[PDB]
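A.B. asks: Sharing coords16.pdb below, PDB, N, CA and C atoms:
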ATOM      1  N   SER R   1      89.194  62.702 115.445  1.00  0.00           N
ATOM      2  CA  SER R   1      90.349  62.240 116.196  1.00  0.00           C
ATOM      3  C   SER R   1      89.892  61.521 117.468  1.00  0.00           C
ATOM      4  N   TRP R   2      90.539  60.397 117.739  1.00  0.00           N
ATOM      5  CA  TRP R   2      90.211  59.610 118.914  1.00  0.00           C
ATOM      6  C   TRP R   2      90.416  60.493 120.147  1.00  0.00           C
ATOM      7  N   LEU R   3      91.260  61.500 119.980  1.00  0.00           N
ATOM      8  CA  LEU R   3      91.551  62.421 121.067  1.00  0.00           C
ATOM      9  C   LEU R   3      90.430  63.458 121.162  1.00  0.00           C
ATOM     10  N   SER R   4      89.948  63.872 119.999  1.00  0.00           N
ATOM     11  CA  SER R   4      88.881  64.856 119.938  1.00  0.00           C
ATOM     12  C   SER R   4      87.524  64.166 120.082  1.00  0.00           C
ATOM     13  N   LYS R   5      87.560  62.842 120.030  1.00  0.00           N
ATOM     14  CA  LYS R   5      86.345  62.054 120.153  1.00  0.00           C
ATOM     15  C   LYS R   5      85.892  62.048 121.615  1.00  0.00           C
ATOM     16  N   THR R   6      86.862  62.212 122.502  1.00  0.00           N
ATOM     17  CA  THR R   6      86.577  62.228 123.927  1.00  0.00           C
ATOM     18  C   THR R   6      86.417  63.666 124.424  1.00  0.00           C
ATOM     19  N   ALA R   7      86.936  64.592 123.631  1.00  0.00           N
ATOM     20  CA  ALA R   7      86.858  66.002 123.977  1.00  0.00           C
ATOM     21  C   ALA R   7      85.599  66.606 123.351  1.00  0.00           C
ATOM     22  N   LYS R   8      85.097  65.925 122.333  1.00  0.00           N
ATOM     23  CA  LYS R   8      83.903  66.382 121.643  1.00  0.00           C
ATOM     24  C   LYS R   8      82.729  66.405 122.623  1.00  0.00           C
ATOM     25  N   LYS R   9      82.794  65.507 123.595  1.00  0.00           N
ATOM     26  CA  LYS R   9      81.747  65.414 124.599  1.00  0.00           C
ATOM     27  C   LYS R   9      81.884  66.579 125.581  1.00  0.00           C
ATOM     28  N   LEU R  10      83.056  67.197 125.558  1.00  0.00           N
ATOM     29  CA  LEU R  10      83.327  68.321 126.436  1.00  0.00           C
ATOM     30  C   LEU R  10      82.783  69.602 125.802  1.00  0.00           C
ATOM     31  N   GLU R  11      82.906  69.670 124.485  1.00  0.00           N
ATOM     32  CA  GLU R  11      82.432  70.830 123.748  1.00  0.00           C
ATOM     33  C   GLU R  11      80.923  70.731 123.515  1.00  0.00           C
ATOM     34  N   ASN R  12      80.433  69.500 123.542  1.00  0.00           N
ATOM     35  CA  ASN R  12      79.015  69.255 123.335  1.00  0.00           C
ATOM     36  C   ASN R  12      78.217  69.924 124.456  1.00  0.00           C
ATOM     37  N   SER R  13      78.925  70.248 125.529  1.00  0.00           N
ATOM     38  CA  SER R  13      78.297  70.891 126.672  1.00  0.00           C
ATOM     39  C   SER R  13      78.172  72.395 126.423  1.00  0.00           C
ATOM     40  N   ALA R  14      78.921  72.863 125.435  1.00  0.00           N
ATOM     41  CA  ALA R  14      78.902  74.273 125.086  1.00  0.00           C
ATOM     42  C   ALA R  14      77.692  74.559 124.196  1.00  0.00           C
ATOM     43  N   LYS R  15      77.194  73.501 123.572  1.00  0.00           N
ATOM     44  CA  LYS R  15      76.044  73.624 122.692  1.00  0.00           C
ATOM     45  C   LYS R  15      74.854  74.163 123.490  1.00  0.00           C
ATOM     46  N   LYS R  16      74.910  73.947 124.795  1.00  0.00           N
ATOM     47  CA  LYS R  16      73.848  74.404 125.675  1.00  0.00           C
ATOM     48  C   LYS R  16      74.018  75.902 125.938  1.00  0.00           C
ATOM     49  N   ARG R  17      75.245  76.366 125.755  1.00  0.00           N
ATOM     50  CA  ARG R  17      75.553  77.771 125.967  1.00  0.00           C
ATOM     51  C   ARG R  17      75.152  78.593 124.741  1.00  0.00           C
ATOM     52  N   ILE R  18      75.227  77.949 123.585  1.00  0.00           N
ATOM     53  CA  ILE R  18      74.876  78.607 122.338  1.00  0.00           C
ATOM     54  C   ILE R  18      73.353  78.658 122.204  1.00  0.00           C
ATOM     55  N   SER R  19      72.714  77.599 122.680  1.00  0.00           N
ATOM     56  CA  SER R  19      71.264  77.510 122.620  1.00  0.00           C
ATOM     57  C   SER R  19      70.640  78.457 123.647  1.00  0.00           C
ATOM     58  N   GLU R  20      71.357  78.644 124.745  1.00  0.00           N
ATOM     59  CA  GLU R  20      70.886  79.518 125.806  1.00  0.00           C
ATOM     60  C   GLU R  20      71.331  80.958 125.544  1.00  0.00           C
ATOM     61  N   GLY R  21      72.509  81.082 124.951  1.00  0.00           N
ATOM     62  CA  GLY R  21      73.058  82.390 124.642  1.00  0.00           C
ATOM     63  C   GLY R  21      72.080  83.209 123.797  1.00  0.00           C
ATOM     64  N   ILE R  22      71.255  82.495 123.045  1.00  0.00           N
ATOM     65  CA  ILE R  22      70.272  83.140 122.192  1.00  0.00           C
ATOM     66  C   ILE R  22      68.911  83.129 122.890  1.00  0.00           C
ATOM     67  N   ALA R  23      68.704  82.100 123.699  1.00  0.00           N
ATOM     68  CA  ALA R  23      67.456  81.960 124.428  1.00  0.00           C
ATOM     69  C   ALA R  23      67.352  83.076 125.471  1.00  0.00           C
ATOM     70  N   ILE R  24      68.233  83.004 126.458  1.00  0.00           N
ATOM     71  CA  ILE R  24      68.251  83.997 127.518  1.00  0.00           C
ATOM     72  C   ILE R  24      68.134  85.394 126.906  1.00  0.00           C
ATOM     73  N   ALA R  25      68.939  85.624 125.879  1.00  0.00           N
ATOM     74  CA  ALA R  25      68.936  86.908 125.199  1.00  0.00           C
ATOM     75  C   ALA R  25      67.530  87.193 124.664  1.00  0.00           C
ATOM     76  N   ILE R  26      66.948  86.175 124.048  1.00  0.00           N
ATOM     77  CA  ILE R  26      65.613  86.301 123.489  1.00  0.00           C
ATOM     78  C   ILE R  26      64.618  86.584 124.618  1.00  0.00           C
ATOM     79  N   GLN R  27      65.029  86.232 125.827  1.00  0.00           N
ATOM     80  CA  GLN R  27      64.188  86.441 126.993  1.00  0.00           C
ATOM     81  C   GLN R  27      64.527  87.776 127.660  1.00  0.00           C
ATOM     82  N   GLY R  28      65.712  88.276 127.343  1.00  0.00           N
ATOM     83  CA  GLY R  28      66.167  89.538 127.901  1.00  0.00           C
ATOM     84  C   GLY R  28      66.166  89.492 129.431  1.00  0.00           C
ATOM     85  N   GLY R  29      66.331  88.286 129.955  1.00  0.00           N
ATOM     86  CA  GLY R  29      66.352  88.093 131.395  1.00  0.00           C
ATOM     87  C   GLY R  29      67.108  89.227 132.090  1.00  0.00           C
ATOM     88  N   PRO R  30      68.394  89.395 131.681  1.00  0.00           N
ATOM     89  CA  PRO R  30      69.231  90.435 132.254  1.00  0.00           C
ATOM     90  C   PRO R  30      68.843  91.813 131.715  1.00  0.00           C
ATOM     91  N   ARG R  31      69.756  92.757 131.881  1.00  0.00           N
ATOM     92  CA  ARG R  31      69.523  94.115 131.416  1.00  0.00           C
ATOM     93  C   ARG R  31      69.457  94.149 129.888  1.00  0.00           C
TER      94      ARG R  31
END
I'd like the structure from this file rewritten - as structure tokens, please.

C.D. replies:
Amino acid sequence: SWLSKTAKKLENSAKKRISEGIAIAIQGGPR
């Protein structure tokens, strides 16, 4: 969707959260 085509770039920023969500976890940075 031309509407989701501009929002896709907004969700594309979440891809960093999924990649980190497993990374950080894999690092056990926190508790």

A.B. asks: By how many Å are atom N of residue 25 of chain R and atom C of residue 13 of chain R apart?

C.D. replies: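 That distance, rounded to one decimal, is 16.1 Å.
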
A.B. asks: Go through chain R and collect every residue that DSSP, computed from the backbone, puts in helix (DSSP H, G or I); the answer should be as a list in words.

C.D. replies: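 Selection result, helix (DSSP H, G or I) within chain R: residues 4, 5, 6, 7, 8, 9, 10, 11, 15, 16, 17, 18, 19, 20, 21, 22, 23, 24, 25, 26 and 27 of chain R.
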
A.B. asks: Build an axis-aligned box that encloses every atom of segment 10-29 of chain R listed in the file, pad it by 6 Å on each side, and report its centre and edge lengths in Å to one decimal, as AutoDock Vina command-line options.

C.D. replies:
--center_x 73.8 --center_y 78.4 --center_z 127.1 --size_x 31.1 --size_y 34.3 --size_z 21.9

A.B. asks: One number please: atom CA of residue 20 of chain R to atom CA of residue 8 of chain R, in Å, one decimal.

C.D. replies: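 Those two atoms sit 19.0 Å apart.
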